[PDB]
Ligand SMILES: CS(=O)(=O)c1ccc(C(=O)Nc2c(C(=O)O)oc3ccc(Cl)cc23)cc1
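Coming up is one lone chain in structure tokens, specifically the form solved without this ligand.
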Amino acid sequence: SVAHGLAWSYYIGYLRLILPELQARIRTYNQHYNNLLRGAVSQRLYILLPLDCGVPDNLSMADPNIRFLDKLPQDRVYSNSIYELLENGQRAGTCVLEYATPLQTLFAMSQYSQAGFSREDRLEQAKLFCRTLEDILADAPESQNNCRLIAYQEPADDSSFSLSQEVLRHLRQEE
């Protein structure tokens, strides 16, 4: 099961490094664009976990209601992004939002014949990745409340899917 290693690597190699100073970075950003914003950038890292492992390199196309606002400023250096979430045509929220890159690995594997990795396998591992990461975060309260996991599938009944609504539903669980 690749999911297990993938989740631990993601946590140990990335989340555990960046989450500690996140709260300070967004704050610094908030203080300096407070004139322009008011409608402060919310504080947690929102991690998108599309279970179909479909990962554009751009929420700048994923949803008309998600719009790139700005780069969150400040071996590995971290390029986080701030986005506004619209609803009813209005800005309804702003948050640091990104895809869980290990889902790309799972996707690449399923596309790599020698991996012997079926579509059923990939989805199952994606689910296992999400679950494992949740368990990891559960045991690190400090990190668990510095980020939010947003896992989703697009509906079978080809009714319309809203990535922004998915994000907003979590973002409103807090405040």
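Take the two forms, find the largest set of C-alpha atoms that superpose within 1.5 Å, and that set is the rigid core. From 1 onward, residues are counted along the sequence shown.
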* RMS CA shift, core-fitted in 8 other deposited structures of this protein, bigger for 121-129 or for 108-116 -> 108-116
* Asked: After a rigid core fit, does 94-102 or 80-88 show more C-alpha displacement in 8 other deposited structures of this protein?
  -> 80-88
* Determine if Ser160 is unmodelled in a third or more of the other PDB entries compared for this protein. => yes
* To do: Please say, as none, 1 to 3, 4 to 9, or 10 or more, how many residues of the deposited sequence are without coordinates in the interval between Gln74 and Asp75.
  => 4 to 9
* Where do the C-alpha atoms have the higher mean temperature factor in this entry, in 75-83 or in 101-109? -> 75-83
* Out of 54-62 and 134-142, which stretch has the higher average CA B-factor listed in the record? -> 54-62
* To do: Going by the CA temperature factor in the entry, name the top one among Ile47, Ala115, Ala126, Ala40.
  => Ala40
* **Residue, from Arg67, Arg119, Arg148, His32, that the PDB entry assigns the highest Cα B-factor** => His32
* Would you mind ranking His4 by its C-alpha B-factor against the rest of the chain and naming the third, lowest, middle or highest? => lowest
* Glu21 - which third its CA temperature factor falls in, relative to the rest of the chain -> highest
* Structure fact -> Assert third(CA B-factor, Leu15) within chain per record equals middle
* If you rank the chain by CA B-factor, which third does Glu166 end up in: lowest, middle or highest? -> lowest
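What follows is about the form solved in complex with this ligand, which we do not show.
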* Structure fact -> Given 118-126, 132-140, 29-37, 145-153, the stretch touching this ligand in the deposited complex at heavy atoms within 4.5 Å is 29-37
* Going by a heavy atom distance of 4.5 Å, is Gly89 a contact of this ligand in the deposited complex? -> no
* Structure fact -> Applying a 4.5 angstroms cut-off on non-hydrogen atoms, the residues of 57-73 near this ligand in the deposited complex are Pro73
